[PDB]
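Residue numbers (the authors' numbering), protein chains in the order written: chain L, 21 to 233; chain H, 1 to 218.
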């Protein structure tokens with residue numbers, strides 16, 4: 021097309037590491053592979069072009085190599101300002117095409133999930149319809165088998181999740197669910213669970229809220 | 001040295017997207033202007049280009065319904081796309097290449113959304129906990145915002161001041177309606193007393209309703 025197959029989609033890293041991204045092209049592109057940086061809000065920032073040439077004002081920690089179909093993009097020592105999306109691009113041929121992205125994470129080695137089990141209110145039920153929220157601020161990694169269960173079940177009707185950017189200051193995630201329920205759906209099961217399957221405690225860290233206690 | 005786009009962004013099915021890229025610090029007669037888009041959860045996707053002499057080259061998949069024109073003297077390039085659909089939703093850019101070297105100058109963006117929904121405002125239903133154990137001396141409160149269109153919205157805590165552990169989340173669609181949630185983590189004993197007032201700010205709608213926190217009496 022030419023399809024630019026970028027790999028791997030996440031690298032997790034800490035400051036000072038040496039890290040290579042890879043791009044495979046469906047066709048020989050000669051040497052017309054280029055590499056960009058994406059910081060959200062900001063527009064793309066050209067780093068390397070023609071596989072290995074380095075653009076205007078770019079430090080020699082960013083390098084690259086390859087010819088034909090196989091290309092490589094190294095960063096030999098990472099930093100605060102290298103904490104962003106990266107992607108290959110080919111301009112050998114129209115249509116011009118891009119890699120899918122490599123997001124760079126940062127390693128705040130393990131952390132405990134601040135689960136905050138919630139109910140609705142009378143102040144919510146102002147239109148005859150409600151919703152059972154659950155926040156989970158600051159955890160690591162994002163691998164989290166959460167479920168809004170009822171008596172040890174997997175009926176996921178109305179489960180309405182969210183996730184966030186890894187906040188740059190504290191370098192850990194957050195989560196947000198919304199188990200929506202109607203007027204009469206709201207009285208049936210006596211309690212329900214906001215789960216967590218973290219390696220922080222291998223006995224499953226359940227933190228439920230009941231209708232009675 | 002750089003390029004700048006237009007709206008309008010928000011339109012319904014079978015309607016023309018019509019951006020305009022206004023250019024400065026280089027001639028249209030010396031460089032092409034490419035048009036690219038980023039669909040959410042996807043890579044960038046190239047749509048087409050008009051080169052210096054006017055030649056034009058479209059991506060085959062949009063060639064039935066794509067057109068690029070220009071006026072070199074006015075420094076303007078005119079993008080159009082002739083019959084929209086729900087998955088034409090993205091940020092559409094105009095961009096330009098070096099001489100010499102690849103794409104390295106970008107337009108600011110055009111946020112575009114394809115749907116046929118009236119501008120309905122949110123409904124701020126606040127949140128405070130449901131009793132049980134109150135150890136640890138920190139408890140997180142909530143402020144849930146439901147049922148709005150279009151985007152976006154500012155979810156502030158106590159008039160844009162309290163923001164130390166404020167995590168407002170990316171929204172999610174609920175049949176032409178968005179719902180997002182916000183949280184703030186504050187110590188136990190002063191909220192209770194010095195409670196936090198939640199508020200919201202919608203641009204294309206214009207509602208700014210506030211809500212204070214009170215629990216229930218278990």
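All residues carry an ideal CB built from backbone N, CA and C; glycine is no exception.
Rounded to the nearest angstrom, what separates residue i and residue j at their Cα positions?
i              : j              : result
residue 168(L) : residue 127(L) : 29 Å
residue 63(L)  : residue 108(H) : 7 Å
residue 77(H)  : residue 117(L) : 22 Å
residue 217(L) : residue 27(L)  : 27 Å
residue 89(L)  : residue 46(L)  : 7 Å
residue 95(L)  : residue 78(L)  : 12 Å
residue 139(H) : residue 164(H) : 14 Å
residue 214(L) : residue 227(L) : 6 Å
Is the separation between the beta-carbon of residue i and that of residue j shorter than 8 Å?
i              : j              : result
residue 143(L) : residue 126(H) : yes
residue 97(L)  : residue 84(L)  : no
residue 196(H) : residue 209(H) : no
residue 155(L) : residue 188(H) : no
residue 160(L) : residue 134(L) : no
residue 137(L) : residue 229(L) : yes
residue 40(H)  : residue 84(H)  : no
residue 43(H)  : residue 148(L) : no
residue 93(L)  : residue 40(L)  : yes
Buried or exposed: residue i, going by 16 or more other Cβ atoms within 10 Å of its Cβ?
i              : result
residue 129(L) : exposed
residue 64(H)  : exposed
residue 183(L) : exposed
residue 4(H)   : exposed
residue 70(H)  : buried
residue 132(H) : exposed
residue 52(L)  : buried
residue 107(L) : buried
residue 119(L) : buried
Any beta-carbon of chain L closer than 8 Å to the one on residue i?
i              : result
residue 57(H)  : yes
residue 169(H) : yes
residue 26(H)  : no
residue 101(H) : yes
residue 129(H) : yes
residue 172(H) : yes
residue 13(H)  : no
residue 53(H)  : no
residue 122(H) : no
residue 220(H) : Not covered by the structure: residue 220(H). The range shown for chain H is 1 to 218.
residue 190(H) : no
residue 125(H) : yes
residue 202(H) : no
Mind checking if residue i is an interface residue toward chain H, Cβ cutoff 8 Å exclusive?
i              : result
residue 125(L) : no
residue 64(L)  : yes
residue 54(L)  : yes
residue 30(L)  : no
Which residues in the same chain have their Cβ closer than 6 Å to the Cβ of residue i, if we skip the five residues on either side of it in sequence?
i             : result
residue 86(H) : 114
Can you name, in chain order, every residue of its own chain whose Cβ lies under 8 Å from the Cβ of residue i, other than the five neighbours on each side?
i              : result
residue 151(H) : 113, 171 and 178
residue 180(H) : 145, 153, 155, 168, 169, 170, 171 and 172
residue 186(L) : 125, 126, 192 and 193
Which same chain residues end up closer than 7 Å to residue i when comparing Cβ atoms and leaving out the 5 residues on each side of it in sequence?
i             : result
residue 66(L) : 54, 56 and 75
residue 37(L) : 98
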